[PDB]
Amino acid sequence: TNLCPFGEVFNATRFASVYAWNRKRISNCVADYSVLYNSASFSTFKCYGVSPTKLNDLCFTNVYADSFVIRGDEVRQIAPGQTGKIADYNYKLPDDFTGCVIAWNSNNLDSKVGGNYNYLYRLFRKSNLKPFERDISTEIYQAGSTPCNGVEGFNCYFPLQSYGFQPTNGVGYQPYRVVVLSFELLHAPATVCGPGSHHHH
């Protein structure tokens, strides 16, 4: 009898850095997706594994909302089967992703004259993330063939780098906020249905 809390996700004040991407569990509620896809601001809304017009009717075991900030020319990496700093080291969808990706420009809240440097991404890593892996370590990365005692040593780096968001950036370097709604399907009760489901209609 209660809509799922899409407001806590999409309208939240602050958003996580892509390396520390947040997760929200959405369960035991009615998911009105039409609140989201009939809106106007979303410059990305792309789904996977779901029927073209009947999203507001589907029932899932559980849904997860994952959210974070990246830059515009990386929005194409929030998708299955990509590579790059964001897909490889920061946020990795599985090849068989079931879910939707929703992104919009947030240049008017996440850049500042003089530069906003509080959003980070993982710049280095020895190996790629597994799907939905979250890495928040800051162990000194060894870039060359000489071992690192922390930063003592050549080619020893802190592994995180700040995004530089200035409101005058070109589009590919403006801040975008992202929400990734995973659709989980287990052999279990369906606790997240749309308004048009047989459970509600």
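Rigid core (definition): largest C-alpha set, two forms, superposition within 1.5 Å. For every residue, the number given is its place in the sequence shown, counted from 1.
Root mean square Cα distance to the shown form, taken over structures and residues in 4 other deposited structures of this protein after a core fit, is higher for 179-187 when 179-187 and 17-25 are compared. Root mean square Cα distance to the shown form, taken over structures and residues in 4 other deposited structures of this protein after a core fit, is higher for 152-160 when 152-160 and 133-141 are compared. As recorded in the PDB entry, 165-173 is the stretch of 165-173 and 63-71 with the greater mean C-alpha temperature factor. The deposited model assigns a higher average Cα B-factor to 120-128 than to the other stretch when 91-99 and 120-128 are compared. Taking the PDB entry at face value, the top CA B factor among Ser51, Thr138, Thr44, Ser34 belongs to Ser34. Residue-level temperature factors show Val179 in the lowest third of its chain, judged at the C-alpha atom. When the modelled residues of the chain are ordered by their C-alpha B factor, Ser111 lands in the middle third. Among all modelled residues in this chain, the alpha-carbon of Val18 has a temperature factor (C-alpha) in the lowest third.
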